[PDB]
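Q: The structure follows.
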Amino acid sequence: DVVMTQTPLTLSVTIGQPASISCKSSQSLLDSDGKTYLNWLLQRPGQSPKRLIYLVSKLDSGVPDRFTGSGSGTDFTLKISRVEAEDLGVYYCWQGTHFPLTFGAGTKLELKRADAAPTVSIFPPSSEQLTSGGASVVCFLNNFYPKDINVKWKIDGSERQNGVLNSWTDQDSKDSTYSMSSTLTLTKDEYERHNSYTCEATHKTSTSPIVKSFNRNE
Amino acid sequence: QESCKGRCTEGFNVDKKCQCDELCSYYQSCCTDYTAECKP
Amino acid sequence: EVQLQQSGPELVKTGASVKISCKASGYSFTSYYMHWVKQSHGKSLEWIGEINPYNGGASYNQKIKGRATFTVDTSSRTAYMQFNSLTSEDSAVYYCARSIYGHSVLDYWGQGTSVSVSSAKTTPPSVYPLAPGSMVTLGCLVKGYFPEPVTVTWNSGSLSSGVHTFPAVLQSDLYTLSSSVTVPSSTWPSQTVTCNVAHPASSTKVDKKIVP
Amino acid sequence: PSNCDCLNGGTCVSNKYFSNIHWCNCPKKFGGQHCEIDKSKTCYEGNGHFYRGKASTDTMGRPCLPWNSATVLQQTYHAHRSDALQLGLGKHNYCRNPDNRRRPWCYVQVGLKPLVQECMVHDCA
Amino acid sequence: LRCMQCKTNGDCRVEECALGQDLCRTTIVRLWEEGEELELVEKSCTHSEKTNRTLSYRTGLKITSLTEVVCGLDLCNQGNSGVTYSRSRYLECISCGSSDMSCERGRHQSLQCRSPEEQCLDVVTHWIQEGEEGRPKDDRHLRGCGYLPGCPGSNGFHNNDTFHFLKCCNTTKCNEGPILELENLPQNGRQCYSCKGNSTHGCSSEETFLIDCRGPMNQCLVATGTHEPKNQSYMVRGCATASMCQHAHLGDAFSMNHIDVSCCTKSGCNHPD
Ligand SMILES: *[C@@H]1O[C@H](CO)[C@@H](O[C@@H]2O[C@H](CO)[C@@H](O)[C@H](O)[C@H]2NC(C)=O)[C@H](O)[C@H]1NC(C)=O
Ligand SMILES: *[C@@H]1O[C@H](CO)[C@@H](O)[C@H](O)[C@H]1NC(C)=O
């Protein structure tokens, strides 16, 4: 079992920008046939993975030249000049030159873009969640780059870090900017213990933290 | 002594100047007289 | 067109056994060596094997522990995976691909395979029509359901672009997730909005109208 | 669908392992590379536009220089032409008639300069 | 560097021996039936790969001596080729053809060679249905005396649509027996790729498919170069033997110019990749 180790493991790129990843193999990757199967296979998110390269250079049908494969021996190199939004996705390198086949790490790609404001709503627990007894308020943050964001729940002036379930969203194909959904997951008895729930957090486009609230009669 | 007139067929014979077989000409090995005697 | 389509998703009681199809059209099937790849941890990547329609070979990766059975039908133009005694680590995405011939090394894949196992048997959810109390957004909260799978669409999936859902959250043996899409302050509550949401684990479909 | 040059049921057959060169496997009554001439006919059809077939000769008895010959290819009809096969002209010195004359004929070297001369052949009178 | 050009009729004129072929080849066919007998000239220029060859075939009471010769020397082919030219009678063989369905019906006959290195061969040509006009006019089978290039021993090629083949050896009566039918041959075990046509739509990733090679061709072969009347961008795929890889004996048969072959060990190495 050879090792498939890719670098950089962490890479964002900016459009029209250079992208060079690099892959490594324990021993050689050159079969007794005098050819080398080493390859490049990408998974573009929310779809199924597809073959970008094989043979360390040679490019699949609908593959553009923007990619260039290279390397030999224990070392290898991938290249792209014009980086675009298609290229958003996950990046894997595998050699078909020993059984069992091997898979590199998963180098992951972004496109760096400008900053924008998360567009926020926060909601009441539907009656229907209040019939069963749980009470959950959302704080959405939708389409913000960068992906650096820090969630804060504040209760009636008295802040709370407890019971916080978040989930991210993948840098999308389109906006290139991330999404966010926080949720505050909590009892019935409790909910009637308060009124004004003020929600807020931090991004890089306003020194001043953007906030939203509501109350128990509305 | 070529003179193929003999029996005109035993079948071809590797000791000879010219064999009297049907095949000769095809090697142009025919003996002067073949067509004469044989194939009358 | 190279076409690979697997079974959809499956839940399984640990230690027991599962059967997940792979489909194809787009070539003389007999003409290529097939694979499967474990994508585990939603991340790490690992080779299952190969098998090969004409000669009928089968590979199994050493670590496999031969829990695995490849298999075929020629008349169906189909790959299988019979894959017995199951586990926690197991749970992952399982894809298949072509080589081919021999020489390992794939090209085209199929969508994939949704596969995970545990104790608590299928729990369909309760959904919470989150809505407020110049633009506008729509809260749809899938919660209390377990196990996978579950997804959602707006107004029978009409609204597409810019619509946003968040990754099934999980904890305390249940998933709780978030789903949203935005529209103009002129767009509502004009024409009533139903996010459509479904649960194969439980075999039942549902429609949640937004309720300002 | 048609091919090569061969005639009268003459089935063309070529070969790979040399220059894909082609030669015709003719029926008995025919012969000559393309099967351009028939060794049967005593006599010829009126005007003998047609009697191809051997018997190289003349009334006075001399030869028929073969159309294939040098001193023809200066001349009027000879066998490197466009149309050749269509005239009967192969490597052969047998008589022919593509002028619509009296009877068939050949080029008879006589004196120095090659000539026409009425060729000996019977008619079906 | 130049040569000579003679038609079958033999208009005797010249060429520059073009370029891609440095070789002046003289080419001759000899037909013999009953007493009488017959013959043919083509002098032209031919690609480097070509070498001298004989092959006399027997259709029944008529016999066909083919044969060809090469020199590259500027201007060889005018005049003769190379008092009896068939001196003696050398090694024996069996001959018959599909001209009359001669090799097919059991009519095999004894036909002496017209020379000592001339040997016994079964040479085989099948086609599918139609490449062009109903396809080349070479006999579906032929057997008799000759010498073909690199013939010593055996060679040929095959895949779904086309079967070529060559057998030969220096033993008396070696070619005799049955007719090579392919489907008759054994299973070589090799898995491969067959196809005909252009970059695409002749040869593309689609029509290509896995075929079981049969017989001594366990080699997986592929080839390219210009084809018949100058429609280039053309290739072939199929199992075959060492023969077709070294030089090209493929380049004679399929009739193509300054082609290049390659081959692969383990099966399925065939794909366009
Ligand atoms: C290229 O392959 C194609 C077959 O797909 C051939 O091109 C077509 O050929 C026919 C002639 O019979 C034409 O009428 C069409 O217009 C062609 N189509 C196109 C899209 O070009 C052709 O025989 C092959 N050419 C070569 C160089 O071999
Ligand atoms: C006949 O075959 C034998 C095989 O041992 C070989 O020695 C010899 O070269 C062959 N003879 C000729 C001249 O073809």
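In the structure tokens, chains take the letters A, B, ... in the order shown, each chain's residues start at 1, and ligands count up from 1 in the order shown.
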Residues of chain B within 9 Å of chain E, using only C-alpha atoms, as a list in words?

A: residues 14, 22, 23, 25, 26, 27, 28, 29, 35 and 39 of chain B

Q: Just C-alpha atoms for this one: save the residues we selected as a short mmCIF file (atom, residue, chain, number, x, y, z; two decimals), in the first residue's frame.

A:
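Full text of again-v1.cif as output:
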data_model
loop_
_atom_site.label_atom_id
_atom_site.label_comp_id
_atom_site.auth_asym_id
_atom_site.auth_seq_id
_atom_site.Cartn_x
_atom_site.Cartn_y
_atom_site.Cartn_z
CA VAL B 14 14.65 -34.95 -61.22
CA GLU B 22 2.43 -31.28 -68.15
CA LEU B 23 4.01 -28.98 -65.66
CA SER B 25 6.70 -24.92 -69.22
CA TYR B 26 5.44 -23.46 -65.98
CA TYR B 27 9.13 -23.67 -64.99
CA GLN B 28 9.95 -23.38 -68.67
CA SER B 29 11.68 -26.64 -68.05
CA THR B 35 4.11 -30.50 -76.99
CA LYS B 39 -0.51 -33.26 -76.10
#

Q: Return as a list in words the residues of protein, DNA or RNA that approach ligand 1 to within 12 Å, with only C-alpha atoms and all ligand atoms taken into account.

A: residues 131, 132, 196, 197, 198, 199, 200, 201, 202, 203, 204, 224, 225, 226, 227, 228, 229, 230, 231, 232, 233, 234 and 235 of chain E

Q: Could you name the residues that touch residue 65 of chain A at 12 Å or less, counting only C-alpha atoms, but leaving out those on the same chain fewer than 6 positions away, as a ChimeraX atom specification?

A: /A:52-53,57-59,78-83

Q: Please identify every residue of chain C that has at least one atom no more than 8 Å from any atom of chain E, counting only C-alpha atoms, and report them as a ChimeraX atom specification.

A: /C:26-28,30-32,100-103

Q: For chain E, which residue among D:51, D:92, D:38, D:62 is the nearest when counting only C-alpha atoms?

A: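 Residue with the minimum atom-to-atom distance to chain E: D:92.
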
Q: Could you produce a table of the residues of chain A lying within 10 Å of chain E, with the nearest pair of atoms per residue and their separation in Å rounded to one decimal, using only C-alpha atoms, ordered by chain and increasing residue number, as a tab-separated table?

A:
residue	atom	partner	partner_atom	distance
A:32	CA	E:265	CA	9.8
A:33	CA	E:265	CA	7.5
A:54	CA	E:273	CA	9.2
A:55	CA	E:273	CA	9.2
A:58	CA	E:273	CA	8.9
A:60	CA	E:273	CA	9.6

Q: Just want the 8 Å neighbourhood of residue 84 of chain A, counted on only C-alpha atoms, with same-chain residues fewer than 5 positions away dropped. Output as a tab-separated table (two decimals) with N, CA, C and O atoms, in the first residue's frame.

A:
chain	number	residue	atom	x	y	z
A	15	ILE	N	-9.57	33.98	-8.69
A	15	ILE	CA	-9.86	33.72	-10.09
A	15	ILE	C	-8.70	34.22	-10.95
A	15	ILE	O	-7.91	35.03	-10.50
A	16	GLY	N	-8.55	33.66	-12.14
A	16	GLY	CA	-7.46	34.06	-13.01
A	16	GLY	C	-6.12	33.79	-12.35
A	16	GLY	O	-5.08	34.16	-12.89
A	111	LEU	N	-12.45	29.77	-4.22
A	111	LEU	CA	-12.14	30.93	-5.01
A	111	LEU	C	-12.29	32.08	-4.06
A	111	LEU	O	-13.34	32.25	-3.44

Q: 7 Å from ligand 2 is the threshold here; counting only C-alpha atoms and all ligand atoms, which polymer residues fall inside it? Answer as number ranges by chain.

A: E: 117, 170-171

Q: Write down, as a VMD selection string, each residue of chain D that has any atom within 9 Å of an atom of chain E, counting only C-alpha atoms.

A: chain D and resid 1 to 3 12 to 23 25 31 to 33 68 79 to 80 90 to 91
